[PDB]
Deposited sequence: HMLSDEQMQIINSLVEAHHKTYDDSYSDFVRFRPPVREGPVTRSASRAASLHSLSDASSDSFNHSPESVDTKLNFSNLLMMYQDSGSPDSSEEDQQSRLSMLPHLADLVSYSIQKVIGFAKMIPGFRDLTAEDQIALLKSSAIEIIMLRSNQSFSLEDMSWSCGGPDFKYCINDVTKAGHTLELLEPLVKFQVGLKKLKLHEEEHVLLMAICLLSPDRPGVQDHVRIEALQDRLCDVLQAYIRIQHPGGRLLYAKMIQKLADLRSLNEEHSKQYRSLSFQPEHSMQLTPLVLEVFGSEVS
């Protein structure tokens, strides 16, 4: 690993630590969980909160701030749910097959999201994705690189500078390939698995967009969302 590759890793890890709270102490400020669509208010606040964190993380990705505000938004909107899916793996547990975020109130199973407007058609591959990603047992350096690579994908709707973004992602994919080779024993096949995860996220992204569209078209449900959520997942 070169010095530049090292600086990139350092800054990305620091960016994640500054935008991911391991105590989940902010969750008490969300609309509380209720166990129709009783879980939608809590989920909406959680997702809205997470979007703000993803934005914070993205702004510290090297090269992202130099992009056009339009490109930044285009990348953010299209990849938001994928980054949320990726970052949520940190709270996911193989023992409980659930997201454990501090207290008993914030221990989320698959049934909770069902009570929030989404179906098993999304949640079944989601949990399967979470299990597979957890089994990869990523270093924090790798998990953090994966989120940055995902966010800087040039193949998103609305992007204008495809070459400048593909270059940034390549430079990031380079770092990831090098790190695994030098710092991760028995990771000879790990990189290919991680790229496959990015492909999994596209299908999950697609299914979420369909189910979100179903949800956002009903005013009684869309009124439970936050302005930020409506703006990020909206078609405007």
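Positions of the deposited sequence absent from the coordinates, in order: 1 to 2, 38 to 97, 299 to 300.
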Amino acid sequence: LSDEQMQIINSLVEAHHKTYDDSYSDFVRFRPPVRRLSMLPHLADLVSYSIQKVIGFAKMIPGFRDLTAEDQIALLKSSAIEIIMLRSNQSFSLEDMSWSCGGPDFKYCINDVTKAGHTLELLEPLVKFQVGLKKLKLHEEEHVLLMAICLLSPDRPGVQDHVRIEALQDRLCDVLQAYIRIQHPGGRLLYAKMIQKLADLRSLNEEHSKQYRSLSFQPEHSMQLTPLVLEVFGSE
From here on, numbers count along this sequence of modelled residues.
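Between 75 to 83 and 117 to 125, the higher mean Cα B-factor belongs to 117 to 125. Across the two stretches, 160 to 168 and 84 to 92, the PDB entry reports the greater mean Cα temperature factor for 160 to 168. Across the options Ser50, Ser209, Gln183, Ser38, the residue with the most elevated CA B-factor in the record is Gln183.
If you compare the C-alpha temperature factors of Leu46, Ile61, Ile195, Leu204 in the entry, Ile195 comes out highest.
Annotation for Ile55: CA B-factor lies in the lowest third of the chain's modelled residues. The deposited CA B-factor of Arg65 belongs to the highest third of values across its chain. In this PDB entry, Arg188 carries a Cα temperature factor that places it within the highest third of its chain's modelled residues. Sort the modelled residues of the chain by CA B factor and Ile8 lands in the middle third.
Annotation for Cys101: C-alpha temperature factor in the middle third relative to the rest of the modelled chain, per the entry.
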